[PDB]
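Below you'll find the structure, written out as C-alpha cells, and then a few comments.
Numbering (PDB author numbering), first residue to last: -1 to 64, 68 to 233.
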C-alpha cells in the first residue's frame, strides 16, 4: 500500500509549471517554465524562458532553484519520501546558495499542486555579486555535473534539511563552487513522512531548443533515492 496520500499523486506523468521572480544586484528578471515529471522513473523534462529579456545570470546557476517530489523512491524506501508526503498542500523550500569568492542567492519557493499541475513558485534575491565575476560575467560553461545529496529529517520543524556543494565548470578549466543550504517545511498540518538519512542522486543535461529565439534552457533530469541501511 501507499505510505502517504501524496505518494499516489505521482504514479504517472504529471504536468509541471515553474515561475521565478528574480532580483540579482538590483537587476530584476522573470523566468517561466513548463514540462512534465514522472516519479516512477525519477525523470523531469522542462523548458524555461526568460520573459524579461536576456537572463542576467548563467542558466546553470538556477538549475537547483528550478522538484524533488519527482525523485524515484524504490519500494523499500517509500516510507522515507518526505516530498510526496507533503502533497497536495505542498512544502516551502528555502535556500541560501553561497558562491565562493562571489555573491549569494537567497531563495524561497512553494511547491504544491494547483489544479492538476505540480507548480514550483520561487522568489530569488541575489546580492554582492562581482560585476565581472563568473556569474555576472557569464563565464560558466553550459553544462551540469552529477551530484549526490544527503537528506536528513528536521524532526523539530517537521521537515527535511540538506547541505550540498554544486560544482559549475568555468570557461578557463576551473570550477565555481556554489554551496547550498536547504530547508523544507510542509505547508499543511497533515502528517508527513520524516525520513532516515539517505541520498538523492541527480543527473542533469542542459540543451537548447533550435526553434526558440528567446533566452531559454531545456533541462532533462533524473533523480533517484538511495538508502544507507547497509543491511549487507
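Even for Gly, the Cβ is constructed at its ideal location relative to N, Cα and C.
Around the beta-carbon of residue 132, fewer than 16 other beta-carbon atoms lie within 10 Å, marking it exposed. Close CB contacts of residue 164 within its chain, under the 6 Å cut and outside five residues either way in sequence, are with 182 (chain order). Residue 80 sits in a helix when the DSSP states are folded into three classes.
Bridge partners of residue 48 according to DSSP: 29. For residue 180, the enclosing beta strand (DSSP E) covers residues 176 to 187. Fewer than three Cβ pairs drawn from the region 181 to 195 and the region 27 to 38 lie within less than 8 Å of each other, which leaves the two stretches out of contact. Taking one beta carbon from each stretch, the region 139 to 149 and the region 164 to 180 have 3 or more pairs nearer than 8 Å; the two touch. Per DSSP, the beta bridge partners of residue 111 are 93 and 122. In the three-state scheme derived from DSSP, where H, G and I count as helix and E and B as strand, residue 64 is classed as coil. In the three-state reduction of the DSSP assignment, residue 211 falls in the coil class, being assigned neither a helical nor a strand state. Annotated three-state conformation of residue 2 is coil, per DSSP.
Residue 150 is bridged by DSSP to 201. Residue 8 is not a Cβ neighbour of residue 83, given a cutoff of 8 Å.
Residue pairing by DSSP places residue 42 opposite 35 and 222 in a beta bridge. DSSP, read as helix, strand or coil, puts residue 13 in strand. Assigned with DSSP and collapsed to three states, residue 166 falls in strand. If the five residues before and after residue 150 are omitted, its C-beta is found closer than 7 Å to the C-beta atoms of 163, 165, 200 and 201, all from its own chain and listed in chain order.
Looking at 4, 43 and 97, the one whose alpha-carbon comes closest to that of residue 79 is 4. Cβ-Cβ distances below 6 Å link residue 74 to 82 and 226 in the same chain, with the five nearest sequence neighbours on each side left out; the list follows chain order. Short of 7 Å from the beta carbon of residue 45, and not among the five residues preceding or following it, lie these beta carbons of its own chain, in chain order: 31, 32, 33, 210, 217 and 219. Burial is judged here by how many other beta carbons sit within 10 angstroms of a residue's own beta carbon; residue 0 has fewer than 16 and is exposed. Taking all protein chains in view, the Cβ of residue 233 is surrounded by fewer than 16 other Cβ atoms within 10 Å, so the residue is classified as exposed. Within the same chain, 136, 139 and 141 come within 7 Å of residue 56 by CB-CB distance, once the 5 residues on both sides are set aside. About 12 Å separates the beta carbons of residue 134 and residue 105, which is beyond the 8 Å limit, so they are not a contact pair.
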